[PDB]
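Next comes entry30.cif, with mmCIF, C-alpha atoms and all ligand atoms.
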data_structure
loop_
_atom_site.label_atom_id
_atom_site.label_comp_id
_atom_site.auth_asym_id
_atom_site.auth_seq_id
_atom_site.Cartn_x
_atom_site.Cartn_y
_atom_site.Cartn_z
CA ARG A 17 -22.38 27.94 12.27
CA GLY A 18 -23.41 28.30 8.64
CA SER A 19 -22.63 25.91 5.79
CA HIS A 20 -19.15 24.54 5.17
CA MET A 21 -17.80 23.16 1.90
CA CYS A 22 -17.12 19.94 3.86
CA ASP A 23 -20.91 19.52 4.17
CA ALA A 24 -20.88 17.78 0.76
CA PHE A 25 -19.37 14.75 2.49
CA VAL A 26 -21.93 14.73 5.30
CA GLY A 27 -24.35 11.82 5.41
CA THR A 28 -24.68 8.05 5.46
CA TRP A 29 -22.87 6.15 2.70
CA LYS A 30 -22.69 2.50 1.61
CA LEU A 31 -19.89 0.77 -0.31
CA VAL A 32 -21.09 -0.33 -3.76
CA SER A 33 -17.83 -1.15 -5.55
CA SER A 34 -14.21 -1.91 -4.80
CA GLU A 35 -11.30 -2.34 -7.20
CA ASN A 36 -7.75 -3.53 -6.47
CA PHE A 37 -8.29 -3.34 -2.70
CA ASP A 38 -6.64 -6.70 -2.06
CA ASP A 39 -3.48 -5.59 -3.83
CA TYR A 40 -3.60 -2.25 -1.96
CA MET A 41 -3.86 -4.10 1.35
CA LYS A 42 -0.97 -6.36 0.30
CA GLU A 43 1.18 -3.29 -0.31
CA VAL A 44 0.16 -1.84 3.06
CA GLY A 45 1.34 -5.06 4.73
CA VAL A 46 -1.99 -6.56 5.79
CA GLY A 47 -1.79 -10.26 6.63
CA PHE A 48 -3.61 -13.02 4.76
CA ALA A 49 -6.55 -13.65 7.10
CA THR A 50 -7.21 -9.97 7.70
CA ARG A 51 -7.15 -9.27 3.96
CA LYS A 52 -9.66 -12.03 3.26
CA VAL A 53 -12.10 -10.96 5.97
CA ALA A 54 -11.61 -7.21 5.35
CA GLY A 55 -12.03 -7.67 1.59
CA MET A 56 -15.50 -9.14 2.11
CA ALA A 57 -16.74 -6.13 4.09
CA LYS A 58 -19.33 -3.80 2.63
CA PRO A 59 -19.10 -0.96 5.17
CA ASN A 60 -21.45 1.91 5.86
CA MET A 61 -19.66 5.21 6.34
CA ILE A 62 -21.27 8.01 8.32
CA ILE A 63 -19.66 11.42 8.01
CA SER A 64 -20.67 14.37 10.16
CA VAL A 65 -19.39 17.86 10.89
CA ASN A 66 -19.81 19.80 14.14
CA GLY A 67 -17.91 23.08 14.19
CA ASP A 68 -14.29 22.42 13.21
CA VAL A 69 -14.54 18.73 14.08
CA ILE A 70 -15.17 16.19 11.34
CA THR A 71 -16.19 12.65 12.30
CA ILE A 72 -15.97 9.66 10.01
CA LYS A 73 -17.51 6.45 11.30
CA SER A 74 -17.32 3.12 9.52
CA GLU A 75 -19.62 0.23 10.41
CA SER A 76 -19.20 -3.22 8.96
CA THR A 77 -19.11 -6.90 9.78
CA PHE A 78 -15.29 -6.64 9.80
CA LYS A 79 -14.74 -3.72 12.16
CA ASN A 80 -16.45 -0.66 13.56
CA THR A 81 -14.24 2.42 13.54
CA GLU A 82 -14.58 6.10 14.34
CA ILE A 83 -12.21 8.99 13.82
CA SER A 84 -12.73 12.61 14.79
CA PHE A 85 -10.32 15.30 13.69
CA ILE A 86 -9.65 18.91 12.81
CA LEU A 87 -8.24 19.65 9.34
CA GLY A 88 -4.45 19.96 9.28
CA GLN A 89 -4.04 18.65 12.84
CA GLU A 90 -2.26 15.32 13.31
CA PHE A 91 -3.99 12.60 15.36
CA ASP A 92 -3.56 8.99 16.51
CA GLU A 93 -5.57 6.42 14.59
CA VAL A 94 -5.93 2.69 15.10
CA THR A 95 -6.94 1.49 11.66
CA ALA A 96 -9.49 -1.23 10.85
CA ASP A 97 -6.58 -3.58 10.18
CA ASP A 98 -5.05 -2.69 13.56
CA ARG A 99 -2.19 -0.47 12.42
CA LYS A 100 -1.27 2.26 14.89
CA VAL A 101 -0.73 5.27 12.67
CA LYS A 102 -0.24 9.02 12.82
CA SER A 103 -2.87 10.60 10.58
CA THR A 104 -3.31 14.07 9.13
CA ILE A 105 -6.32 15.03 7.04
CA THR A 106 -6.53 18.21 4.97
CA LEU A 107 -8.77 19.67 2.28
CA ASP A 108 -7.20 20.21 -1.12
CA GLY A 109 -9.53 21.77 -3.67
CA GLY A 110 -12.58 19.99 -2.30
CA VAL A 111 -10.85 16.65 -1.76
CA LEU A 112 -10.25 15.26 1.72
CA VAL A 113 -6.67 14.08 1.71
CA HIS A 114 -5.79 11.64 4.50
CA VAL A 115 -2.17 10.59 5.06
CA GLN A 116 -1.33 7.72 7.42
CA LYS A 117 2.27 7.30 8.65
CA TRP A 118 3.59 4.28 10.53
CA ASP A 119 6.80 2.26 10.82
CA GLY A 120 8.46 4.61 8.34
CA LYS A 121 5.72 3.89 5.80
CA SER A 122 3.08 6.20 4.33
CA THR A 123 -0.23 5.78 2.51
CA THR A 124 -2.68 8.38 1.18
CA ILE A 125 -6.45 8.05 1.11
CA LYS A 126 -8.42 10.58 -0.93
CA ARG A 127 -12.15 11.01 -0.48
CA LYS A 128 -14.00 13.05 -3.06
CA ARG A 129 -17.53 13.75 -4.23
CA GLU A 130 -18.21 12.65 -7.80
CA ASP A 131 -21.77 13.07 -9.05
CA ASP A 132 -23.92 11.51 -6.32
CA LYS A 133 -21.12 9.23 -5.16
CA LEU A 134 -18.30 9.44 -2.66
CA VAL A 135 -15.16 8.02 -4.26
CA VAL A 136 -12.28 6.79 -2.08
CA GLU A 137 -8.88 6.39 -3.72
CA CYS A 138 -6.23 4.61 -1.65
CA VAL A 139 -2.61 4.74 -2.79
CA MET A 140 0.37 2.90 -1.35
CA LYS A 141 3.51 3.42 -3.43
CA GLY A 142 2.55 2.42 -6.96
CA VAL A 143 -0.67 0.64 -6.06
CA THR A 144 -4.07 2.36 -6.17
CA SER A 145 -7.45 1.06 -5.05
CA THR A 146 -10.76 2.73 -5.85
CA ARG A 147 -13.75 2.28 -3.58
CA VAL A 148 -17.09 3.79 -4.45
CA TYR A 149 -19.84 4.68 -1.99
CA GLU A 150 -23.43 5.69 -2.68
CA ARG A 151 -25.97 7.35 -0.39
CA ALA A 152 -27.64 4.92 2.00
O1 LIG B 201 -13.20 3.49 3.76
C1 LIG B 201 -12.95 2.75 2.73
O2 LIG B 201 -13.87 2.00 2.20
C2 LIG B 201 -11.58 2.72 2.15
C3 LIG B 201 -10.56 2.11 3.00
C4 LIG B 201 -9.62 3.07 3.73
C5 LIG B 201 -8.24 2.52 4.01
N1 LIG B 201 -7.57 2.98 5.21
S1 LIG B 201 -8.19 2.34 6.56
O3 LIG B 201 -6.99 2.10 7.49
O4 LIG B 201 -9.15 3.30 7.16
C6 LIG B 201 -9.07 0.80 6.23
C7 LIG B 201 -10.44 0.88 6.30
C8 LIG B 201 -11.23 -0.23 6.05
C9 LIG B 201 -10.63 -1.48 5.73
BR1 LIG B 201 -11.95 -2.91 5.40
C10 LIG B 201 -9.22 -1.60 5.66
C11 LIG B 201 -8.59 -2.84 5.34
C12 LIG B 201 -7.23 -2.93 5.28
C13 LIG B 201 -6.43 -1.79 5.53
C14 LIG B 201 -7.04 -0.56 5.84
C15 LIG B 201 -8.42 -0.47 5.91
#

Show this structure as structure tokens.
Amino acid sequence: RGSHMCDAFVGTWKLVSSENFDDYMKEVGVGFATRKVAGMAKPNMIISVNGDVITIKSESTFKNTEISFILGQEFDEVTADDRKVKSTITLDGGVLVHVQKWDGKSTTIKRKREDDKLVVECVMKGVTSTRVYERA
């Protein structure tokens, strides 16, 4: 295959800043101990594309996770904080939009390229967290 617009996400990324993530996790329903340990994590994210399949891997001292998916096609995800969710990821004008649904709740995670950074915006109801990754 030739290039895909999704190739702009491809690579190895490291978390350099996090804002409001504790309050985001609170809104999501994450328990005290998990929030404290998860909040300390400075994960590496490795994104790759192979045909129609996109893979996002996260490695940290908190948890190692991996999801593989096709855009617009719902899949089962066990999140880092051990929620069992139904996830659908789509592209909207260059932005990967990831919706997680569980227990009648919903949260949206947007991943976008901004300058040389990968910016992750997590929203749960009225609460937004911004996490910024740089190339590793
Ligand atoms: O990848 C990031 O740095 C942003 C976090 C994405 C949030 N959704 S998640 O289920 O993949 C997730 C990923 C990583 C951590 Br640490 C989480 C902690 C609490 C709740 C969710 C967490």

Hey, could you make a per-residue contact list for chain A against ligand LIG 201 (chain B) with 7 Å as the cut-off, showing the nearest pair of atoms and its distance in Å to one decimal, counting only C-alpha atoms and all ligand atoms, sorted by chain and number, as a Markdown table?
| residue | atom | partner | partner_atom | distance |
| --- | --- | --- | --- | --- |
| A:31 | CA | B:LIG201 | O2 | 6.6 |
| A:41 | CA | B:LIG201 | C12 | 5.3 |
| A:46 | CA | B:LIG201 | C12 | 6.4 |
| A:51 | CA | B:LIG201 | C12 | 6.5 |
| A:54 | CA | B:LIG201 | BR1 | 4.3 |
| A:55 | CA | B:LIG201 | BR1 | 6.1 |
| A:57 | CA | B:LIG201 | BR1 | 5.9 |
| A:59 | CA | B:LIG201 | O2 | 6.7 |
| A:78 | CA | B:LIG201 | BR1 | 6.7 |
| A:95 | CA | B:LIG201 | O3 | 4.2 |
| A:96 | CA | B:LIG201 | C6 | 5.1 |
| A:97 | CA | B:LIG201 | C13 | 5.0 |
| A:125 | CA | B:LIG201 | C4 | 6.5 |
| A:136 | CA | B:LIG201 | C2 | 5.9 |
| A:138 | CA | B:LIG201 | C5 | 6.4 |
| A:147 | CA | B:LIG201 | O2 | 5.8 |

Exercise for the section: For residue 21 in chain A, list every protein, DNA or RNA residue within 12 Å, evaluated using all atoms listed in the file, and leave out those in the same chain fewer than 4 positions away; present the list as a list in words. Expected result: residues 25, 26, 65, 68, 107, 108, 109, 110, 111, 112, 128 and 129 of chain A

Exercise for the section: Name the residues within 10 Å of (-2.1, -2.5, -0.2), counting all atoms listed in the file in the file's coordinates, and put them as a PyMOL selection string. Expected result: chain A and resi 36-46+51+123+138-145

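Distances here use all atoms listed in the file; by that measure, the residue among A:86, A:32, A:49, A:148 closest to residue 70 in chain A is A:86.
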
Practice task
Pick out the closest residue to residue 122 in chain A from this set: A:137, A:27, A:20, A:101. Count only C-alpha atoms.
Solution key: A:101

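Candidate residues A:100, A:91, A:30, A:17 were compared for distance to residue 76 in chain A, and the nearest is A:30, using all atoms listed in the file.
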
Problem - Among listed residues A:73, A:52, A:117, A:127, nearest residue 103 in chain A (using all atoms listed in the file) - result: A:117

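Taking CA of residue 133 in chain A and CA of residue 151 in chain A as the two end points, the separation is 7.1 Å.
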
Completion exercise
Students should find that CA of residue 149 in chain A and CA of residue 72 in chain A are spaced 13.6 Å

Practice task
Check the smallest atom-to-atom distance from each of A:58, A:121, A:114, A:102 to residue 74 in chain A using only C-alpha atoms, then report the winner.
Solution key: A:58

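Atom pair CA of residue 130 in chain A / CA of residue 92 in chain A has a distance of 28.6 Å (rounded to one decimal).
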
Handout entry: Proximity to residue 152 in chain A - best of A:56, A:18, A:83, A:63, all atoms listed in the file
Key = A:63

When you get a chance, write out N, CA and C atoms for range 81-107 of chain A, as a PDB file, in the coordinates of the input.
ATOM      1  N   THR A  81     -15.252   1.417  13.234  1.00  0.00           N
ATOM      2  CA  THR A  81     -14.240   2.420  13.540  1.00  0.00           C
ATOM      3  C   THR A  81     -14.853   3.814  13.599  1.00  0.00           C
ATOM      4  N   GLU A  82     -14.165   4.712  14.294  1.00  0.00           N
ATOM      5  CA  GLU A  82     -14.580   6.100  14.340  1.00  0.00           C
ATOM      6  C   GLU A  82     -13.353   6.960  14.513  1.00  0.00           C
ATOM      7  N   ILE A  83     -13.236   7.974  13.662  1.00  0.00           N
ATOM      8  CA  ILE A  83     -12.210   8.990  13.820  1.00  0.00           C
ATOM      9  C   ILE A  83     -12.851  10.368  13.855  1.00  0.00           C
ATOM     10  N   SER A  84     -12.346  11.211  14.743  1.00  0.00           N
ATOM     11  CA  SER A  84     -12.730  12.610  14.790  1.00  0.00           C
ATOM     12  C   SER A  84     -11.468  13.456  14.711  1.00  0.00           C
ATOM     13  N   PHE A  85     -11.538  14.561  13.986  1.00  0.00           N
ATOM     14  CA  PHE A  85     -10.320  15.300  13.690  1.00  0.00           C
ATOM     15  C   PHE A  85     -10.628  16.704  13.233  1.00  0.00           C
ATOM     16  N   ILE A  86      -9.602  17.545  13.306  1.00  0.00           N
ATOM     17  CA  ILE A  86      -9.650  18.910  12.810  1.00  0.00           C
ATOM     18  C   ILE A  86      -8.691  18.973  11.624  1.00  0.00           C
ATOM     19  N   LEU A  87      -9.088  19.626  10.535  1.00  0.00           N
ATOM     20  CA  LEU A  87      -8.240  19.650   9.340  1.00  0.00           C
ATOM     21  C   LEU A  87      -6.861  20.227   9.641  1.00  0.00           C
ATOM     22  N   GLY A  88      -5.835  19.536   9.156  1.00  0.00           N
ATOM     23  CA  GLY A  88      -4.450  19.960   9.280  1.00  0.00           C
ATOM     24  C   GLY A  88      -3.803  19.624  10.611  1.00  0.00           C
ATOM     25  N   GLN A  89      -4.549  18.979  11.505  1.00  0.00           N
ATOM     26  CA  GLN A  89      -4.040  18.650  12.840  1.00  0.00           C
ATOM     27  C   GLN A  89      -3.863  17.152  13.040  1.00  0.00           C
ATOM     28  N   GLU A  90      -2.611  16.732  13.199  1.00  0.00           N
ATOM     29  CA  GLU A  90      -2.260  15.320  13.310  1.00  0.00           C
ATOM     30  C   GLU A  90      -2.958  14.631  14.498  1.00  0.00           C
ATOM     31  N   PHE A  91      -3.361  13.378  14.301  1.00  0.00           N
ATOM     32  CA  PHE A  91      -3.990  12.600  15.360  1.00  0.00           C
ATOM     33  C   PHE A  91      -3.576  11.126  15.312  1.00  0.00           C
ATOM     34  N   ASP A  92      -3.831  10.423  16.414  1.00  0.00           N
ATOM     35  CA  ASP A  92      -3.560   8.990  16.510  1.00  0.00           C
ATOM     36  C   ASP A  92      -4.747   8.222  15.990  1.00  0.00           C
ATOM     37  N   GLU A  93      -4.493   7.224  15.149  1.00  0.00           N
ATOM     38  CA  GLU A  93      -5.570   6.420  14.590  1.00  0.00           C
ATOM     39  C   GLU A  93      -5.190   4.958  14.704  1.00  0.00           C
ATOM     40  N   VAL A  94      -6.111   4.129  15.185  1.00  0.00           N
ATOM     41  CA  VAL A  94      -5.930   2.690  15.100  1.00  0.00           C
ATOM     42  C   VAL A  94      -6.821   2.243  13.964  1.00  0.00           C
ATOM     43  N   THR A  95      -6.197   1.819  12.876  1.00  0.00           N
ATOM     44  CA  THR A  95      -6.940   1.490  11.660  1.00  0.00           C
ATOM     45  C   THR A  95      -7.730   0.194  11.794  1.00  0.00           C
ATOM     46  N   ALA A  96      -8.652  -0.023  10.862  1.00  0.00           N
ATOM     47  CA  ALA A  96      -9.490  -1.230  10.850  1.00  0.00           C
ATOM     48  C   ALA A  96      -8.653  -2.496  10.882  1.00  0.00           C
ATOM     49  N   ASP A  97      -7.472  -2.425  10.273  1.00  0.00           N
ATOM     50  CA  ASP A  97      -6.580  -3.580  10.180  1.00  0.00           C
ATOM     51  C   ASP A  97      -5.549  -3.569  11.307  1.00  0.00           C
ATOM     52  N   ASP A  98      -5.839  -2.762  12.328  1.00  0.00           N
ATOM     53  CA  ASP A  98      -5.050  -2.690  13.560  1.00  0.00           C
ATOM     54  C   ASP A  98      -3.632  -2.131  13.396  1.00  0.00           C
ATOM     55  N   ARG A  99      -3.423  -1.246  12.431  1.00  0.00           N
ATOM     56  CA  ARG A  99      -2.190  -0.470  12.420  1.00  0.00           C
ATOM     57  C   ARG A  99      -2.359   0.715  13.352  1.00  0.00           C
ATOM     58  N   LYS A 100      -1.286   1.073  14.043  1.00  0.00           N
ATOM     59  CA  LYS A 100      -1.270   2.260  14.890  1.00  0.00           C
ATOM     60  C   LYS A 100      -0.530   3.349  14.150  1.00  0.00           C
ATOM     61  N   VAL A 101      -1.285   4.307  13.615  1.00  0.00           N
ATOM     62  CA  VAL A 101      -0.730   5.270  12.670  1.00  0.00           C
ATOM     63  C   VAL A 101      -0.900   6.712  13.153  1.00  0.00           C
ATOM     64  N   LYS A 102      -0.086   7.594  12.592  1.00  0.00           N
ATOM     65  CA  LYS A 102      -0.240   9.020  12.820  1.00  0.00           C
ATOM     66  C   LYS A 102      -0.895   9.571  11.569  1.00  0.00           C
ATOM     67  N   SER A 103      -2.057  10.202  11.732  1.00  0.00           N
ATOM     68  CA  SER A 103      -2.870  10.600  10.580  1.00  0.00           C
ATOM     69  C   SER A 103      -3.022  12.107  10.530  1.00  0.00           C
ATOM     70  N   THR A 104      -2.990  12.665   9.325  1.00  0.00           N
ATOM     71  CA  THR A 104      -3.310  14.070   9.130  1.00  0.00           C
ATOM     72  C   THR A 104      -4.236  14.182   7.937  1.00  0.00           C
ATOM     73  N   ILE A 105      -5.344  14.890   8.115  1.00  0.00           N
ATOM     74  CA  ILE A 105      -6.320  15.030   7.040  1.00  0.00           C
ATOM     75  C   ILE A 105      -6.493  16.509   6.706  1.00  0.00           C
ATOM     76  N   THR A 106      -6.401  16.835   5.421  1.00  0.00           N
ATOM     77  CA  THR A 106      -6.530  18.210   4.970  1.00  0.00           C
ATOM     78  C   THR A 106      -7.525  18.271   3.816  1.00  0.00           C
ATOM     79  N   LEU A 107      -7.952  19.477   3.468  1.00  0.00           N
ATOM     80  CA  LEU A 107      -8.770  19.670   2.280  1.00  0.00           C
ATOM     81  C   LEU A 107      -7.903  20.274   1.197  1.00  0.00           C
TER      82      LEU A 107
END
